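A.B. asks: build me a model:
(one chain, ligands or ions: 1)
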Amino acid sequence: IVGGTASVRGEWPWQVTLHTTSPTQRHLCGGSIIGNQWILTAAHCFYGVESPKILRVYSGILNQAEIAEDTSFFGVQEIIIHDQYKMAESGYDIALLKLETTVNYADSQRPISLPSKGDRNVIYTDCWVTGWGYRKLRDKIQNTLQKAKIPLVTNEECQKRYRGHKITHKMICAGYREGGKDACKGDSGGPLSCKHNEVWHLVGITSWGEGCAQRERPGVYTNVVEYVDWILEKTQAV
Ligand SMILES: O=C(N[C@@H](Cc1ccccc1)C(=O)NCCc1cc(Cl)ccc1-n1cnnn1)c1ccc2[nH]c(=O)cc(O)c2c1
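C.D. replies: Residues are numbered from 1 along each chain as shown. Next comes the structure:
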């Protein structure tokens with residue numbers, strides 16, 4: 001996160017850090033708890049990932065320093081990537097992780113509500129992006145979970161800023177004209193969380209952008225409301 005501040009412990013209790021153990025253990029991506037056995041994250045996070053056996057999901061984390069060899073985690077049973085996904089910039093950048101065991105909810109870890117199809121008209125004015133990502137394009141993974149408040153941008157406004165791309169209705173954008181606050185490397189897969197009528201909704205998944213926090217270059221997020229049917233289909237048993 002560029003231009004953000006440290007989070008308070010447990011203030012983003014749906015936020016997880018997804019690690020890979022290969023070749024040695026490290027943070028891979030953000031993600032969001034959406035059900036007892038389910039993390040929602042970005043499809044591009046699994047480039048080259050051959051098996052779910054190398055993944056570990058940590059919930060209820062503020063600082064990466066909390067994670068040691070003796071720290072408990074959730075194993076991943078299955079990675080489900082959208083069958084139309086090819087790469088982040090062309091959309092469908094969405095994946096589900098089915099956990100091996102069930103998350104026991106608490107003040108430190110609980111699910112975020114998916115947006116309702118009826119809230120596509122809502123004008124969200126209290127949206128936050130969070131993660132352990134870089135503070136600048138060339139940087140490193142941060143210890144403490146960062147947060148930054150960022151306004152949504154219209155898809156017409158966003159399309160003018162990315163004339164070499166197709167900004168689709170299945171994407172949503174956020175950022176300041178002057179730049180300064182944005183997701184960056186290591187944040188992808190995490191939430192764009194918007195507070196509306198005292199309830200948080202998972203509006204976007206951190207997906208892509210040209211550089212980090214640049215002038216007239218909004219972050220681009222998977223527009224989660226466009227995938228509630230897919231999520232429902234994919235989270236069904238057998
Ligand atoms: O590049 C990373 N993440 C990419 C995504 C990724 C994931 C897995 C493999 C390859 C790439 C990312 O977050 N990408 C973020 C994409 C992005 C989104 C938005 Cl909304 C706005 C701006 C950006 N940009 C960041 N940089 N340019 N644009 C990444 C992920 C985990 C890491 N762990 C480490 O220990 C050290 C790292 O350097 C590191 C880097």
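
A.B. asks: my read: residue 40 touches residue 205, true?
C.D. replies: Yes: contact criterion CB atoms under 8 Å: residue 40 and residue 205 qualify, at 6.7 Å. Backbone N, C-alpha and C define where each C-beta goes, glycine included.

A.B. asks: common neighbours of those two, please.
C.D. replies: Counting by CB atoms under 8 Å, 6 or more residues apart in numbering, the common neighbours of residue 40 and residue 205 are 32, 94, 224.

A.B. asks: ok, which of the residues you listed also contact the ligand?
C.D. replies: With the criterion set as CB under 6 Å from any ligand atom, no member of the shared contacts of residue 40 and residue 205 is near the ligand.

A.B. asks: out of those, the closest to residue 134 would be?
C.D. replies: Nearest to residue 134, judged by CB to CB, of the shared contacts of residue 40 and residue 205 is residue 32 at 19.9 Å.

A.B. asks: strands along the chain, start to end?
C.D. replies: Along the chain, the stretches classed as strands by DSSP state E are 5-6, 15-20, 26-35, 38-41, 55-58, 74-81, 95-99, 127-131, 146-149, 152-153, 171-174, 191-196, 199-208, 219-223.

A.B. asks: and those as TSV, adding mean neighbour count and distance to residue 161?
C.D. replies: Shown next, in TSV, are the strands of the chain (neighbours: other CB atoms under 10 Å; distance: least, CB to CB, whole Å):
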stretch	mean neighbour count	distance to residue 161
strand 5-6	12	25
strand 15-20	23	27
strand 26-35	23	23
strand 38-41	26	25
strand 55-58	20	33
strand 74-81	16	27
strand 95-99	23	26
strand 127-131	26	17
strand 146-149	21	18
strand 152-153	21	8
strand 171-174	27	8
strand 191-196	22	17
strand 199-208	24	13
strand 219-223	27	10
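
A.B. asks: minimum distance to residue 67: which of those has it?
C.D. replies: Of all those, strand 55-58 sits nearest to residue 67, with 5.8 Å by CB to CB.

A.B. asks: how is this structure carved up into domains?
C.D. replies: Domain ranges of the chain: 1-12+112-226, 13-111+227-238, per curated CATH domains.

A.B. asks: show me what from this structure comes close to the ligand.
C.D. replies: Residues of the chain lying near the ligand (CB under 6 Å from any ligand atom): 26-29, 44-45, 47, 133, 137, 141, 182-188, 206-209, 211-212, 219-221.

A.B. asks: let's see that with 8 Å instead.
C.D. replies: Applying CB under 8 Å from any ligand atom, we find that the chain lies next to the ligand at 26-30, 42, 44-48, 88, 129, 131, 133-134, 137, 140-141, 174, 182-189, 192, 206-213, 219-221.

A.B. asks: any idea what residue 219 is bridged to?
C.D. replies: Beta-bridge partners recorded for residue 219 (DSSP bridges): residue 174.

A.B. asks: quick check: it vs residue 157, distance?
C.D. replies: Separation of residue 219 from residue 157 (CB to CB, to the nearest Å) stands at 13 Å.

A.B. asks: which residues do those two both contact?
C.D. replies: Residues within reach of residue 219 and of residue 157 at once, by CB under 8 Å, 6+ apart, are residue 173.

A.B. asks: give the contact list for the residue sitting nearest the centre point of the chain.
C.D. replies: Among the residues of the chain, the one closest to the centroid is residue 190, at 1.7 Å (CA atoms, centre = their mean). Listed by CB under 8 Å, 6+ apart, the contact set of residue 190 reads 15, 29, 30, 31, 32, 41, 129, 130, 131, 183, 205, 206.

A.B. asks: please name the nearest non-neighbouring residue to the fourth one.
C.D. replies: Among residues not flanking residue 31 along the chain, residue 41 sits closest, at 3.6 Å (CB to CB, 6 or more residues apart in numbering).

A.B. asks: thanks again, I'm all set now.
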